[PDB]
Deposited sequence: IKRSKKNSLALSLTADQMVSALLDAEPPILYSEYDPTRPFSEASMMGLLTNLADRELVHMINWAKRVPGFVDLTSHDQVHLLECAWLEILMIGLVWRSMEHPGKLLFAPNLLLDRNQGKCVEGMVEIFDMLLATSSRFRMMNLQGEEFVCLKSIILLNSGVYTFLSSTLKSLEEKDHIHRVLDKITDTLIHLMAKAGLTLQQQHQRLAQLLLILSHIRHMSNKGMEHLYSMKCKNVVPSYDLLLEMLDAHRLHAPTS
C-alpha cells in the first residue's frame, strides 16, 4: 500500500488537504439538520482521501462511515468551538451558548472543547484524531485498518517529538488524546438516541460513496 509507505509529514500533509470546508447555516433542529446533511456530503469526499481508506472494500467503507459519522461531526464542532469558551460554533453564523441550548450533550461538547483548549490541541493532531475515529469506530481488511492506525500513531508521535516534547510527554499526550475519543464516542451514542424522536442508512452511504 502507498499508505503504509507514507512518512509522518506526508500523512499530515494528506490529511490537511483532505479537510472539508467550514460550512454556513442557511427552528434549531432544521438549521442543524440542514447543516449536518451538507456536511455529510463533504465527509464522504474527505473519507475517500484518508490514506488507506479506499484500499478497503466499498462495504467496509460504508460500515466505518455508518458508525463514525456523528463522532466526526462532533469532533469537528468541538474543534471549531475551541477558541470560543462557553459556546458551540456550529457555523460562523450559528454560535450558540449554554442558555440557548439537548443541554446534556451541549455541556459534554463544551467540556470536550475546553479540554482541547487546555491541551492546546494542534490542527495537525486534530486531523489525526478525526481519521482515527473513522478507522476505529466500526473496526485482511481489519488487518489493513490496524496497520494504518499504527501509521497515524507514529504520525502523532512524530508531531509531538518535532514540537519538542520529551519521550515521556509523548506517550502521555498520546494517551490523553485517545482517551478523549472515548468521551466522543459517548457523546455520539447519547446523541443517537436523543436523535430518535434522521440517521444515514447503509444504503444511503453506499450510494453517496459510489459517486
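Unmodelled intervals of the deposited chain, in order: Since the structure holds only modelled residues, the stretches it omits are 1-7, 34-43, 119-123, 162-172, 231-235, 250-257.
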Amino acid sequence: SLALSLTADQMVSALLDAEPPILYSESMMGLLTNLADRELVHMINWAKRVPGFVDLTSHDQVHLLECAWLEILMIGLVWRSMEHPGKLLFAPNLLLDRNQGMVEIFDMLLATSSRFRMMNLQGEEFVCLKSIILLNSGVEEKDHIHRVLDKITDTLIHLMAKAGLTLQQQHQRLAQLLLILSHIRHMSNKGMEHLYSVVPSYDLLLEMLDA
From here on, numbers count along this sequence of modelled residues.
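Look up the CA B-factors in the entry and say which stretch, 115-123 or 102-110, has the higher mean. According to the PDB entry, the answer is 102-110.
According to the deposited model, is the average Cα temperature factor higher in 169-177 or in 61-69? Mean CA B-factor is higher for 61-69.
Can you tell me which third, lowest, middle or highest, the CA B-factor of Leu129 falls into for its chain? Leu129: CA B-factor falls in the lowest third of its chain.
Lowest, middle or highest third: where is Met192 by Cα B-factor in its chain? Its C-alpha B-factor belongs to the highest third of this chain's values.
Which third, lowest, middle or highest, does the C-alpha temperature factor of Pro200 belong to within its own chain? CA B-factor rank for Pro200: highest third.
Can you work out whether the C-alpha temperature factor of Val78 puts it in the lowest, middle or highest third of the chain? As the PDB entry reports it, the C-alpha B-factor of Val78 lands in the lowest third of its chain.
Ordered by C-alpha B-factor within the chain, which third holds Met43? Give me lowest, middle or highest, please. Bottom third by C-alpha B-factor.
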